[PDB]
Amino acid sequence: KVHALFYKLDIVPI
Amino acid sequence: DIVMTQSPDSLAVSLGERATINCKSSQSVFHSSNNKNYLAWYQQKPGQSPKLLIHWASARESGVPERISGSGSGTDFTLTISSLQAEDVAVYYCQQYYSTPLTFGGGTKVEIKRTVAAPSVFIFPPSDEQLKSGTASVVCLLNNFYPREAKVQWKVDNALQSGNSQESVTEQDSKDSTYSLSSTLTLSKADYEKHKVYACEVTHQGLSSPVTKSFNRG
Amino acid sequence: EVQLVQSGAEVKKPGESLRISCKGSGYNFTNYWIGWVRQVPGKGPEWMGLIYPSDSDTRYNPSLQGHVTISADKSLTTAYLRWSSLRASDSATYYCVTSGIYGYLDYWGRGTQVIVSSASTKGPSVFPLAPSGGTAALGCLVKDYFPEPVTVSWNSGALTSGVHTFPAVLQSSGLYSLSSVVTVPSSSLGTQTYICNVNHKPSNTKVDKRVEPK
């Protein structure tokens, strides 16, 4: 149960 | 729709003392599933861009010193600076990222508290050069005073003025932590030539009684 | 190191269009959110929107009801914010920001100042604040100019101690006004010369105004 307004599968965390 | 509220708007703290800033959300920003508060704190120093200090309400960014801590849960949060340093002078903002749109608090300006210092008051008449233009500006200067709270009132032939003056204040001086304030009364050359005595009245907590600076036209 | 280079300040009139930009470096631009936060002096920051350049997924603040559009060029690793019809209320400083999946803004740009006004470029009139016990005060009133900024120095930078230059205030006419003061020994009013050097580059105005007792 992930609650993230701007969730994206492919995001590179910096 | 979530409103973020901060208090106080400006906070004066002595060096090495603790600063406590409060932030309220109109709705909870807590998720039971992950046990996290969706709350961030930002620091904006004079003339610089905001800087992320804390997220998850209490997790510091890398490089943020331990003396800066965030706490609270649900709808009530606080930011604490345990031993204030001159570099901590800034505006601090909270932000919720629980619901869109993201919303920020109004900010809390943290400043250096020092002992009271009465203002020195100076009054300046309009120049003859400006009177050639059809307008007259009368200036009142409050110099090197603390704290910022001050009452500035204009009187023309003992008649209180209203709606025709503007104030400008400097930021806290870097060496002695005082303020300076300008009050500018703008009149038409006609109204200015109609009256004789122009007075600036300053009330400040460092003054035993209000101080009046005046001049006679001519 | 993450870098967010924004475009320079802009002065425009109501009804004109504008596009400001922010180039990001030091990270995978296409696969991280980049957006914009607005700041006007009287309240807290306002979030405007974010975009995920990889797929052009754009998230707007509903309050901004189609007034602005956000876009991004992946080849140039640049984000854009565009108004088709500027209003006075759009006068603000616009920071470009980055965000992960949660919505806290972990990197902020230096900011872009945007002024919207019907006023036209005008150089300042400089008027002395002439001095009259121990300490005396004198200054220069810098009036009726547009846009910001002016710069004021004293004696070509030699005099710095005791100088206070106030923030510019926007008058009802739409033109800015400010004063620069300095405190000096009352005994020095007859011996040494005090000149304020005002410079307003937008109109290439340069004034060196000598201030003396009257």
Side-chain angles (χ1 to χ4, degrees), chain A residues 4-14, chain B residues 40 42 49-52 95-97 99-104, chain C residues 2-40 44-63 65-117:
Chain A
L5 288 171
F6 307 106
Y7 175 85
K8 294 219 146 282
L9 284 173
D10 65 9
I11 193 168
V12 180
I14 301 294
Chain B
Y42 301 88
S49 66
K51 187 166 163 280
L52 175 66
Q95 180 231 326
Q96 65 87 19
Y97 49 97
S99 158
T100 187
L102 313 170
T103 46
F104 292 80
Chain C
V2 170
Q3 295 187 9
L4 291 173
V5 180
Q6 299 186 229
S7 48
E10 299 285 338
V11 186
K12 304 222 97 69
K13 294 192 175 59
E16 300 183 340
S17 76
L18 172 61
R19 201 189 65 176
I20 64 182
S21 63
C22 153
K23 187 174 178 179
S25 313
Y27 71 104
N28 189 343
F29 170 86
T30 64
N31 293 87
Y32 211 67
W33 294 89
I34 187 173
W36 300 95
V37 170
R38 168 172 75 192
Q39 181 166 245
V40 187
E46 180 164 353
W47 178 68
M48 307 195 76
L50 298 165
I51 190 175
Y52 198 72
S54 160
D55 64 356
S56 303
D57 187 349
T58 320
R59 310 288 177 80
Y60 289 104
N61 183 339
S63 308
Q65 299 144 347
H67 194 47
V68 303
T69 58
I70 302 179
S71 65
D73 188 334
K74 291 177 287 188
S75 60
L76 296 180
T77 67
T78 293
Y80 299 100
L81 177 63
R82 201 193 104 85
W83 297 260
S84 73
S85 186
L86 284 169
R87 297 180 291 194
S89 56
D90 294 318
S91 301
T93 301
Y94 293 88
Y95 300 104
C96 83
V97 297
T98 61
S99 172
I101 60 173
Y102 290 111
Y104 58 88
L105 313 175
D106 51 6
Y107 293 96
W108 294 62
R110 221 86 161 184
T112 299
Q113 289 175 322
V114 175
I115 299 293
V116 175
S117 173

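Reminder, nothing fancy here: chain letters follow the sequence lines and each chain counts from 1. Heavy-atom basis, side chains included; hydrogens, waters and symmetry copies ignored.
Here the side chains of C:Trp83 and C:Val116 are not in contact, with every heavy-atom distance at 4.5 Å or above. The closest side-chain heavy-atom distance from C:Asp90 to C:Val114 is not below 4.5 Å. B:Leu102 places none of its side-chain heavy atoms less than 4.5 Å from the side chain of B:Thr100. Put simply, the side chain of C:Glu46 does not reach to within 4.5 Å of the side chain of C:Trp36, judged on heavy atoms. For the pair C:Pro45/B:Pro50, no side-chain contact is recorded, criterion being any heavy-atom separation below 4.5 Å from C-beta on. By the 4.5 Å heavy-atom criterion applied to side chains, C:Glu10 and C:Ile115 are not counted as neighbours. Taking 4.5 Å as the limit, every side-chain heavy atom of C:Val2 sits out of range of all side-chain heavy atoms of C:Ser25.
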**Request:** Would you sort out whether C:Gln39 and C:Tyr95 count as a side chain to side chain donor-acceptor pair (under 3.5 Å), showing the intermediate values?
**Result:** CA-CA 8 Å; C:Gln39 181 166 245; C:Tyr95 300 104; 3.1 Å; yes
**Message:** The test is side chain to side chain donor-acceptor pair (under 3.5 Å); show your working for C:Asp106 and C:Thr98 and say whether it passes.
**Reply:** CA-CA 6 Å; C:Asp106 51 6; C:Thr98 61; 2.7 Å; yes
**Item:** ring pair (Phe, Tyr, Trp, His ring centres under 6.0 Å) evaluation trace for B:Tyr97 with C:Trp47
**Value:** CA-CA 11 Å; B:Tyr97 49 97; C:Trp47 178 68; over 10 Å; no
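When atom types are taken as modelled, the side chain of C:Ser63 and the backbone of C:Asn61 share no donor-acceptor pair closer than 3.5 angstrom. Judged purely by atom type and a 3.5 angstrom limit, C:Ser91 uses its side chain to pair as donor or acceptor with the backbone of C:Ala88.
The salt bridge (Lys or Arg N to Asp or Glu O under 4.0 Å) analysis of residues 15-25 of chain C, with sequence neighbours excluded, yields no pairs.
Between C:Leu86 and C:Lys13, the closest heavy-atom pair is CB-O, 4.2 Å. C:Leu50 and C:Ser99 make their closest contact through CD1-CB, 4.0 Å (heavy atoms, listed as atom of the first residue, atom of the second, distance). In this structure, C:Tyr94 and C:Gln6 approach most closely via the heavy-atom pair O-NE2, 2.7 Å. C:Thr112 and C:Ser7 get closest at one heavy-atom pair: OG1-O, 2.8 Å. When all heavy atoms of C:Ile34 and C:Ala79 are compared, the closest pair comes out as CD1-CB, 3.7 Å. Between C:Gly109 and B:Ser49, the closest heavy-atom pair is O-CB, 2.9 Å.
Applying the 6.0 Å contact sphere to CZ of C:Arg82 captures more than 12 heavy atoms from other residues, nucleotides or ligands.
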Just distance, no hydrogens or angles: give the donor-acceptor pairs under 3.5 Å from side chains in residues 4-14 of chain A, sequence neighbours left out.
from    : atom 1 : to      : atom 2 : distance (Å)
A:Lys8  : NZ     : C:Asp55 : OD2    : 3.0
A:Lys8  : NZ     : C:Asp57 : OD2    : 3.3
A:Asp10 : OD1    : C:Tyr52 : OH     : 2.6

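The distance from the CD atom of C:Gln3 to the SG atom of C:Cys22 is 11.0 Å, given to the nearest 0.5 Å. In this structure, NZ on C:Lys12 lies 13.0 Å from OG on C:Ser117, to the nearest 0.5 angstrom. Note that CG of C:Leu4 is 9.5 Å distant from OH of C:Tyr107, once rounded to the nearest 0.5 Å.
Between B:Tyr42 and B:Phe104, the ring-plane angle classifies as tilted under the 30° and 60° cut-offs.
In this structure, the side chain to side chain contact (heavy atoms under 4.5 Å, CB included) partners of C:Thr58, at least two apart in sequence or on a different chain, are C:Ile51, C:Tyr60, C:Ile70.
A donor atom on one side chain and an acceptor atom on the other are not found under 3.5 Å apart for B:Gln95 and C:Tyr104.
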